[PDB]
């Protein structure tokens, strides 16, 4: 009933690349989508991209997925994969420029960890 988000929460924008059409490849990504779709994508992305790390977070009654990949990918490729699997009410997929700061913000108010593939993520490792 509320209009879907058109971007990530304002407080996270500095950490992201907004050049969604770029040919540049990255190894850290974030997805903003619904709670149900993020739960599904957590598992699918983990396997598809053989993630180094993935976490799922509460964000304003929606969810954010955050992940690191062992190989580099274009943001559009990640976006295309999400769309191959599901229809979405909304889906925002962006590269992450500031990996540690993004993950750290996602663990603290107003965000919180739902699940992650390594306890404590980037706060505790590498």
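Residue numbers count along the first chain shown, from 1. For the two forms, the rigid core is made up of the largest set of C-alpha atoms that agree within 1.5 Å on superposition.
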### Farther-lying stretch by C-alpha RMS in 4 other deposited structures of this protein, rigid core as reference, of 86 to 94 and 73 to 81
86 to 94
### Query
Do the Cα atoms of 4 to 12 stray more than those of 117 to 125 in 4 other deposited structures of this protein, or is it the other way round, with the core held fixed?
117 to 125
### Query
Given the B-factors recorded for C-alpha atoms, which segment has the greater mean, 78 to 86 or 45 to 53?
78 to 86
### Message
When the Cα temperature factors in the entry are averaged, is it 24 to 32 or 87 to 95 that ends up higher?
### Response
87 to 95
### Task
Taking the chain's C-alpha temperature factors as the reference, tell me which third residue 114 falls into: lowest, middle or highest.
middle
